[PDB]
Amino acid sequence: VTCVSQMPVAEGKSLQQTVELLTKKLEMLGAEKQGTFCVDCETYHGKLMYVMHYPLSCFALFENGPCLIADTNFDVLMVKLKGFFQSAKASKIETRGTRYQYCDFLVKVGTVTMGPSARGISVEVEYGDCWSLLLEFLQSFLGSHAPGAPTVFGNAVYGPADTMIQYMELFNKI
Amino acid sequence: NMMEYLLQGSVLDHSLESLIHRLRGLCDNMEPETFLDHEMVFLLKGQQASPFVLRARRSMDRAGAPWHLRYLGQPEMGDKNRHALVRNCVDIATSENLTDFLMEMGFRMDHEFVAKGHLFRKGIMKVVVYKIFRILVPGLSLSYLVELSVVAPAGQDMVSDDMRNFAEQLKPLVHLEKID
Amino acid sequence: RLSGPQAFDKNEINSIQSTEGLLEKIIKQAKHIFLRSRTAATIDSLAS
Amino acid sequence: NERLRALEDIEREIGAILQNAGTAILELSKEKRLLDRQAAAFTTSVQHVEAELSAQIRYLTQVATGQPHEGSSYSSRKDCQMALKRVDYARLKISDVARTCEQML
């Protein structure tokens, strides 16, 4: 499926402390480690970028995005497109973290991109629309979460770029 | 980073066998094939006064193949007796995403052309024969085109002499050269 | 190049190419002896 | 295909033209009927053989640069060899099964 990411602004102890608490809860759930899948999407201008893992940097800027350019295709195109887009002043940062896989699942914690940011959680599903199981698993993870806003009224058929659209919306929201 | 050594080729429309058999025999490959695609040039340059071409060549006879696009221009004056080409930068695309992004970012279709012919390859080289038509979107100059081209990193222009020798090998039929 | 449009994280990036040579023949011989042993065990249990 | 037969016919015609020229010279120098027509035919055949040789030499010169037509479908040859080997192994196994059945009955 394509589970959107949320921005739970935790407080009290620390941002890193809340991230460690979420990781400890996930480990208590019984999820093993599956490498560090650091996602990266930098805005530009109304252009964008993407490094979500996958050797394809697919910048879904607008009009749902192509999401087909290679890891170096869009990058070389933007590097050669000097003078066309002169809005490179406002920079953009990206998060990182780990990636666990409990069973047919995935979890990604979105840390501080440039330093100001919350712990952005993100999950996926097995086949795909099919939100009963997703919510039943999310409620056992934490409390206030699951904003939603998917590509409703589409049938798309499990749009993979929907994750990128949710990430872009979250990055613009903070 | 990457570069190209594309050479221009133009053969008479009637001289087809002396090209196909020679290329199939001298050194191209085993089990040759053909192709069919149509190009869509674009340009978006308001004040820069430098229209960048984005050839979204989509193979109509392909099963949803990506719209492999290439950027070419500003031939570098190397004077290395080579094909006198410039740097290249390929870029894949999705289904109908090339037109979608061209409409989103804003582009102007300079022209539309279609190509059709046989395919050939080499070790670090590539030669292609095809014919261009002048027809509407639903579907000619009477002159085939030998697309002897090389795309590779900068290196030391070692493939230039190899391409020159390969062109001299097919001298009785055609005579490749550069272009302006 | 299909990794462009259909961006696969680690499935096709690893399935595009893999090792071969002696490992394949070894696996085939292992499967052969395993099938032979299973058939022999079934035949022996039937005869017993 | 046809060029080989063409060259063979050209060589045979050159030989026949030489023989006809010799015979015409002999008949004309023996004593003094059809010697004039014979000499005319011999000269015409010699000119035709020369023209055919010049045309064959002025061929398209296919490659003249390297070993052409590289690759004689070796993959298909190997595939056919493997198919024949499969057929032979199947025949051997079938003969073994038939011998076992004959020993059974």
# chains A, B, ... in the order shown; residues from 1 in each chain; ligands from 1
>>> residues_around(residues="region 166-171 of chain B", least_positions_apart="5", cutoff="8 Å", atoms="only C-alpha atoms", output="PyMOL selection string")
(chain B and resi 22+176) or (chain D and resi 63-66)
>>> write_last_selection(atoms="N, CA and C atoms", output="PDB file, in the first residue's frame")
ATOM      1  N   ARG B  22      26.381  -5.754 -45.286  1.00  0.00           N
ATOM      2  CA  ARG B  22      27.719  -5.406 -44.820  1.00  0.00           C
ATOM      3  C   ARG B  22      27.742  -5.216 -43.309  1.00  0.00           C
ATOM      4  N   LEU B 176      30.921   8.361 -43.731  1.00  0.00           N
ATOM      5  CA  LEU B 176      30.491   9.126 -42.573  1.00  0.00           C
ATOM      6  C   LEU B 176      31.367  10.363 -42.389  1.00  0.00           C
TER       7      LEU B 176
ATOM      8  N   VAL D  63      33.154  -6.212 -48.330  1.00  0.00           N
ATOM      9  CA  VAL D  63      33.822  -5.715 -47.130  1.00  0.00           C
ATOM     10  C   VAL D  63      35.231  -5.240 -47.455  1.00  0.00           C
ATOM     11  N   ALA D  64      36.112  -6.178 -47.810  1.00  0.00           N
ATOM     12  CA  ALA D  64      37.514  -5.888 -48.116  1.00  0.00           C
ATOM     13  C   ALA D  64      38.216  -5.152 -46.975  1.00  0.00           C
ATOM     14  N   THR D  65      37.717  -5.300 -45.754  1.00  0.00           N
ATOM     15  CA  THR D  65      38.315  -4.642 -44.597  1.00  0.00           C
ATOM     16  C   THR D  65      38.629  -5.603 -43.461  1.00  0.00           C
ATOM     17  N   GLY D  66      37.788  -6.609 -43.241  1.00  0.00           N
ATOM     18  CA  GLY D  66      38.019  -7.586 -42.198  1.00  0.00           C
ATOM     19  C   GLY D  66      37.249  -8.848 -42.512  1.00  0.00           C
TER      20      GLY D  66
END
>>> interface_residues(of="chain A", to="chain C", cutoff="8 Å", atoms="only C-alpha atoms", output="ChimeraX atom specification")
/A:53-56,58,66-70
>>> select_by_dssp(residues="chain C", states="helix (DSSP H, G or I)", output="ChimeraX atom specification")
/C:12-15,22-47
>>> interface_residues(of="chain B", to="chain C", cutoff="8 Å", atoms="only C-alpha atoms", output="PyMOL selection string")
chain B and resi 66+92-94
>>> write_last_selection(atoms="C-alpha atoms", output="JSON list (two decimals), in the first residue's frame")
[["chain", "number", "residue", "atom", "x", "y", "z"],
["B", 66, "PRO", "CA", 10.33, 4.06, -20.64],
["B", 92, "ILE", "CA", 14.26, 7.75, -18.46],
["B", 93, "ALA", "CA", 10.58, 8.61, -18.11],
["B", 94, "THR", "CA", 7.28, 6.98, -17.20]]
>>> residues_around(residues="residue 41 (chain B)", least_positions_apart="5", cutoff="8 Å", atoms="only C-alpha atoms", output="PDB file with N, CA, C and O atoms, in the first residue's frame")
ATOM      1  N   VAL B  53      16.710  21.130 -26.059  1.00  0.00           N
ATOM      2  CA  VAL B  53      15.924  20.083 -26.701  1.00  0.00           C
ATOM      3  C   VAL B  53      15.782  18.909 -25.744  1.00  0.00           C
ATOM      4  O   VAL B  53      16.741  18.521 -25.067  1.00  0.00           O
ATOM      5  N   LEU B  54      14.577  18.344 -25.679  1.00  0.00           N
ATOM      6  CA  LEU B  54      14.276  17.184 -24.840  1.00  0.00           C
ATOM      7  C   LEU B  54      13.541  16.172 -25.714  1.00  0.00           C
ATOM      8  O   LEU B  54      12.309  16.172 -25.778  1.00  0.00           O
ATOM      9  N   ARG B  55      14.299  15.311 -26.387  1.00  0.00           N
ATOM     10  CA  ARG B  55      13.733  14.333 -27.313  1.00  0.00           C
ATOM     11  C   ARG B  55      13.134  13.184 -26.512  1.00  0.00           C
ATOM     12  O   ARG B  55      13.848  12.291 -26.051  1.00  0.00           O
ATOM     13  N   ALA B  56      11.812  13.199 -26.351  1.00  0.00           N
ATOM     14  CA  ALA B  56      11.106  12.139 -25.632  1.00  0.00           C
ATOM     15  C   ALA B  56      10.719  11.013 -26.593  1.00  0.00           C
ATOM     16  O   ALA B  56       9.547  10.726 -26.835  1.00  0.00           O
ATOM     17  N   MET B 109       6.427  22.298 -27.932  1.00  0.00           N
ATOM     18  CA  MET B 109       6.796  21.269 -28.898  1.00  0.00           C
ATOM     19  C   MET B 109       7.316  21.932 -30.166  1.00  0.00           C
ATOM     20  O   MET B 109       6.548  22.540 -30.918  1.00  0.00           O
ATOM     21  N   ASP B 110       8.625  21.822 -30.403  1.00  0.00           N
ATOM     22  CA  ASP B 110       9.211  22.440 -31.588  1.00  0.00           C
ATOM     23  C   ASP B 110       8.751  21.741 -32.861  1.00  0.00           C
ATOM     24  O   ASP B 110       8.439  22.401 -33.859  1.00  0.00           O
ATOM     25  N   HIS B 111       8.694  20.413 -32.841  1.00  0.00           N
ATOM     26  CA  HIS B 111       8.288  19.629 -34.001  1.00  0.00           C
ATOM     27  C   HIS B 111       8.063  18.195 -33.548  1.00  0.00           C
ATOM     28  O   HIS B 111       8.338  17.835 -32.400  1.00  0.00           O
ATOM     29  N   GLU B 112       7.557  17.377 -34.468  1.00  0.00           N
ATOM     30  CA  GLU B 112       7.333  15.963 -34.212  1.00  0.00           C
ATOM     31  C   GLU B 112       7.790  15.158 -35.418  1.00  0.00           C
ATOM     32  O   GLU B 112       7.485  15.508 -36.561  1.00  0.00           O
TER      33      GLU B 112
END
>>> atom_distance(atom1="CA of residue 112 (chain A)", atom2="CA of residue 16 (chain A)")
9.4 Å
>>> residues_around(residues="region 127-132 of chain B", least_positions_apart="4", cutoff="10 Å", atoms="only C-alpha atoms", output="ChimeraX atom specification")
/B:6-7,9-11,13,16,19-20,23,28,34-36,38,113-122,140-150
>>> residues_around(residues="region 78-85 of chain B", least_positions_apart="6", cutoff="12 Å", atoms="only C-alpha atoms", output="PyMOL selection string")
chain B and resi 2-9+72+147-152+154+156-165+167+176-180
>>> write_last_selection(atoms="N, CA and C atoms", output="mmCIF file, in the first residue's frame")
data_model
loop_
_atom_site.group_PDB
_atom_site.id
_atom_site.type_symbol
_atom_site.label_atom_id
_atom_site.label_comp_id
_atom_site.auth_asym_id
_atom_site.auth_seq_id
_atom_site.Cartn_x
_atom_site.Cartn_y
_atom_site.Cartn_z
ATOM 1 N N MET B 2 29.528 12.352 -18.481
ATOM 2 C CA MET B 2 29.536 11.524 -19.676
ATOM 3 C C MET B 2 29.729 12.386 -20.924
ATOM 4 N N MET B 3 29.962 11.713 -22.049
ATOM 5 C CA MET B 3 30.172 12.377 -23.325
ATOM 6 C C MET B 3 29.556 11.534 -24.432
ATOM 7 N N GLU B 4 29.749 11.981 -25.670
ATOM 8 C CA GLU B 4 29.221 11.273 -26.826
ATOM 9 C C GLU B 4 30.114 11.537 -28.028
ATOM 10 N N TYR B 5 30.053 10.627 -28.998
ATOM 11 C CA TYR B 5 30.808 10.725 -30.243
ATOM 12 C C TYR B 5 29.923 10.359 -31.427
ATOM 13 N N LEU B 6 28.715 10.916 -31.452
ATOM 14 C CA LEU B 6 27.760 10.590 -32.503
ATOM 15 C C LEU B 6 28.234 11.123 -33.850
ATOM 16 N N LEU B 7 28.244 10.249 -34.853
ATOM 17 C CA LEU B 7 28.628 10.602 -36.210
ATOM 18 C C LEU B 7 27.412 10.544 -37.123
ATOM 19 N N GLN B 8 27.350 11.472 -38.073
ATOM 20 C CA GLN B 8 26.237 11.546 -39.006
ATOM 21 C C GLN B 8 26.471 10.624 -40.197
ATOM 22 N N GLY B 9 25.387 10.014 -40.670
ATOM 23 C CA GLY B 9 25.451 9.127 -41.814
ATOM 24 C C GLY B 9 24.245 9.257 -42.721
ATOM 25 N N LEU B 72 21.236 16.789 -25.934
ATOM 26 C CA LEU B 72 22.419 16.948 -26.766
ATOM 27 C C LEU B 72 22.460 18.362 -27.323
ATOM 28 N N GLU B 147 23.045 5.725 -38.348
ATOM 29 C CA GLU B 147 23.231 6.390 -37.058
ATOM 30 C C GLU B 147 24.384 5.741 -36.291
ATOM 31 N N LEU B 148 25.587 5.930 -36.828
ATOM 32 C CA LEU B 148 26.805 5.475 -36.165
ATOM 33 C C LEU B 148 27.127 6.437 -35.029
ATOM 34 N N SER B 149 26.869 6.014 -33.794
ATOM 35 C CA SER B 149 27.027 6.897 -32.650
ATOM 36 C C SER B 149 27.697 6.147 -31.509
ATOM 37 N N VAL B 150 28.430 6.902 -30.692
ATOM 38 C CA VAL B 150 29.110 6.372 -29.517
ATOM 39 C C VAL B 150 28.823 7.290 -28.339
ATOM 40 N N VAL B 151 28.422 6.692 -27.219
ATOM 41 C CA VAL B 151 28.132 7.428 -25.992
ATOM 42 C C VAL B 151 28.906 6.770 -24.860
ATOM 43 N N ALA B 152 29.773 7.538 -24.206
ATOM 44 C CA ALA B 152 30.653 7.006 -23.174
ATOM 45 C C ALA B 152 31.235 8.152 -22.355
ATOM 46 N N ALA B 154 34.280 10.643 -20.723
ATOM 47 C CA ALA B 154 35.303 11.390 -21.449
ATOM 48 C C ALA B 154 36.461 10.487 -21.859
ATOM 49 N N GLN B 156 39.917 9.280 -22.970
ATOM 50 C CA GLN B 156 41.002 9.916 -23.707
ATOM 51 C C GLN B 156 40.764 9.855 -25.211
ATOM 52 N N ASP B 157 39.497 9.870 -25.632
ATOM 53 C CA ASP B 157 39.121 9.823 -27.047
ATOM 54 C C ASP B 157 39.692 8.593 -27.747
ATOM 55 N N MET B 158 39.805 7.480 -27.017
ATOM 56 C CA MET B 158 40.341 6.259 -27.610
ATOM 57 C C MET B 158 39.377 5.653 -28.622
ATOM 58 N N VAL B 159 38.069 5.841 -28.423
ATOM 59 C CA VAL B 159 37.079 5.282 -29.341
ATOM 60 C C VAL B 159 36.972 6.060 -30.641
ATOM 61 N N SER B 160 37.569 7.251 -30.718
ATOM 62 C CA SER B 160 37.496 8.042 -31.942
ATOM 63 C C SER B 160 38.215 7.345 -33.090
ATOM 64 N N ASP B 161 39.430 6.854 -32.839
ATOM 65 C CA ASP B 161 40.169 6.147 -33.879
ATOM 66 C C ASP B 161 39.469 4.852 -34.269
ATOM 67 N N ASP B 162 38.874 4.159 -33.297
ATOM 68 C CA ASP B 162 38.143 2.934 -33.607
ATOM 69 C C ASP B 162 36.933 3.226 -34.485
ATOM 70 N N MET B 163 36.198 4.297 -34.176
ATOM 71 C CA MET B 163 35.056 4.668 -35.002
ATOM 72 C C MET B 163 35.500 5.085 -36.398
ATOM 73 N N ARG B 164 36.621 5.803 -36.495
ATOM 74 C CA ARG B 164 37.135 6.192 -37.805
ATOM 75 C C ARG B 164 37.518 4.969 -38.629
ATOM 76 N N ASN B 165 38.168 3.989 -38.000
ATOM 77 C CA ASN B 165 38.526 2.765 -38.708
ATOM 78 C C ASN B 165 37.286 1.987 -39.128
ATOM 79 N N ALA B 167 34.374 3.240 -39.805
ATOM 80 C CA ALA B 167 33.779 3.960 -40.925
ATOM 81 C C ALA B 167 34.561 3.717 -42.210
ATOM 82 N N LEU B 176 30.921 8.361 -43.731
ATOM 83 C CA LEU B 176 30.491 9.126 -42.573
ATOM 84 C C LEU B 176 31.367 10.363 -42.389
ATOM 85 N N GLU B 177 30.810 11.354 -41.703
ATOM 86 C CA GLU B 177 31.499 12.615 -41.446
ATOM 87 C C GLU B 177 30.783 13.316 -40.297
ATOM 88 N N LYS B 178 31.273 14.502 -39.952
ATOM 89 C CA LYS B 178 30.687 15.299 -38.883
ATOM 90 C C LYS B 178 29.552 16.153 -39.446
ATOM 91 N N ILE B 179 29.045 17.081 -38.634
ATOM 92 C CA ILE B 179 27.949 17.953 -39.041
ATOM 93 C C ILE B 179 28.088 19.267 -38.289
ATOM 94 N N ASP B 180 27.372 20.286 -38.752
ATOM 95 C CA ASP B 180 27.405 21.600 -38.120
ATOM 96 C C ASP B 180 26.123 21.866 -37.337
#
>>> residues_around(residues="residue 113 (chain A)", least_positions_apart="3", cutoff="6 Å", atoms="only C-alpha atoms", output="PDB file with N, CA and C atoms, in the first residue's frame")
ATOM      1  N   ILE A  93      16.287  20.194   3.491  1.00  0.00           N
ATOM      2  CA  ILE A  93      17.033  19.143   4.173  1.00  0.00           C
ATOM      3  C   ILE A  93      16.230  17.852   4.141  1.00  0.00           C
ATOM      4  N   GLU A  94      16.802  16.779   4.681  1.00  0.00           N
ATOM      5  CA  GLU A  94      16.188  15.463   4.599  1.00  0.00           C
ATOM      6  C   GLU A  94      16.459  14.687   5.879  1.00  0.00           C
ATOM      7  N   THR A  95      15.574  13.741   6.182  1.00  0.00           N
ATOM      8  CA  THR A  95      15.676  12.941   7.390  1.00  0.00           C
ATOM      9  C   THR A  95      16.469  11.662   7.124  1.00  0.00           C
TER      10      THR A  95
END
>>> residues_around(residues="residue 19 (chain D)", least_positions_apart="5", cutoff="9 Å", atoms="only C-alpha atoms", output="count of residues only")
3
